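Please treat every number below as a calculation from the coordinates, not as lab data. When we count neighbours, we look across all protein chains shown, and the Cβ atoms used for this are built from the backbone with ideal geometry, even at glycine.
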Protein chains: 2
Amino acid sequence: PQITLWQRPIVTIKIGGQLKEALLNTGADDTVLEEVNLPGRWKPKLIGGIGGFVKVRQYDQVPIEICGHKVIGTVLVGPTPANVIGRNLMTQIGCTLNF
Amino acid sequence: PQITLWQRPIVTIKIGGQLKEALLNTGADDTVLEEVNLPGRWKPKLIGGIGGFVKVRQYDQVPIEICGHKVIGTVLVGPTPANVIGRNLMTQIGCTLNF
Ligand SMILES: Cc1cccc(C)c1OCC(=O)N[C@@H](Cc1ccccc1)[C@@H](O)C[C@H](Cc1ccccc1)NC(=O)[C@H](C(C)C)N1CCCNC1=O
């Protein structure tokens, strides 16, 4: 699956059992998903900080699938304008930039 | 040239007969650059997704070169803690995402 960017690269991930929309952001380095509940333990983490850091939850080693791409990776949780895949999960599904 | 993402995709471009470094951002619809005179006319444009827009200048059909691919597209110039290469140009040079 190769993906021109003429349209914004939104994909469907399966995560938490449930399925959701997300954006493959090479510009984003960590992965935030709108509010979701996941099991077991986590540790707080700040991100953003242009005008404040938002505080979110850090879950590590989480099962997620992206495009039949079953992967497992660190996944922040809490407020987000929208689900965002970042470089953290992309490397583990093996995404590259290609021209 | 295939750019894994363990790292921020920061490539050098040559816009303006100057040389800049800039980040490869599929998360970004446009290409915004840190002020840099350019000839030509301009339209004002707003960007920024929250607590205000950002006003900045739109130029069109500009010559830039990205990792040695020379190409033509709209580029926005003004206030951004960072150069940003967003999809507009990535299509132009024919970069994709793969996995
Ligand atoms: C949390 C969240 C949920 C949903 C959607 C969005 C847009 C959300 O995140 C906010 C955010 O800054 N997202 C970025 C990626 C992101 C999200 C979470 C963790 C890490 C990164 C990116 O996409 C947009 C954002 C906008 C920007 C903010 C400040 C000044 C100018 C531009 N751009 C930037 O931050 C980039 C950085 C990351 C190299 N940026 C900074 C310097 C100048 N130019 C530039 O392009």
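Table: residues versus (1) over 17 Å from the mean Cα position of the chain (by Cα); (2) surrounded by 13 or more Cβ atoms within 10 Å (Cβ to Cβ); (3) over 27 Å from B:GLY51 (Cα atoms).
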{"site": "A:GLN2", "(1), (2), (3)": "yes, no, yes"}
{"site": "A:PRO9", "(1), (2), (3)": "no, yes, no"}
{"site": "A:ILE13", "(1), (2), (3)": "no, yes, yes"}
{"site": "A:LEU19", "(1), (2), (3)": "no, no, yes"}
{"site": "A:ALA22", "(1), (2), (3)": "no, yes, no"}
{"site": "A:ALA28", "(1), (2), (3)": "no, yes, no"}
{"site": "A:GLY52", "(1), (2), (3)": "yes, no, no"}
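Number of residues in segment A:1-60 that are out of contact with any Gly (no Cβ under 6 Å at 6 or more places or on another chain), small (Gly, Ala, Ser) and either in contact (Cβ under 8 Å) with a residue 40 or more places away in the chain or within 16 Å of the ligand (Cβ to nearest atom) (or both): the value is 5. Do we have A:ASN83 as crowded, with 19+ Cβ neighbours inside 10 Å, of a type in the set (S, T, N, Q) and within 16 Å of the ligand (Cβ to nearest atom) here? Yes: the conditions hold for A:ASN83.
Which members of segment A:30-50 meet the condition of being surrounded by 15 or more Cβ atoms within 10 Å (Cβ to Cβ) and basic (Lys, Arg)?
Of segment A:30-50, the ones surrounded by 15 or more Cβ atoms within 10 Å (Cβ to Cβ) are A:30-34, A:36, A:38, A:42, A:45, A:47.
A:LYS45, the sole residue that qualifies.
From the list B:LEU76, B:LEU89, exactly one residue is farther than 14 Å from B:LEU24 by Cβ, within 13 Å of the chain's Cα centre (by Cα) and within 16 Å of the ligand (Cβ to nearest atom). Which is it?
Working: B:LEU89 fails: farther than 14 Å from B:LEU24 by Cβ.
Being farther than 14 Å from B:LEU24 by Cβ, within 13 Å of the chain's Cα centre (by Cα) and within 16 Å of the ligand (Cβ to nearest atom) holds for just one of B:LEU76, B:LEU89, which is B:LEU76.
For B:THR96, the stated conditions do not hold, so it cannot be described as buried (at least 17 other Cβ atoms within 10 Å of the Cβ), near the ligand (Cβ under 10 Å from one of its atoms) and free of Cβ contacts under 8 Å to residues at least 60 places away in the same chain.
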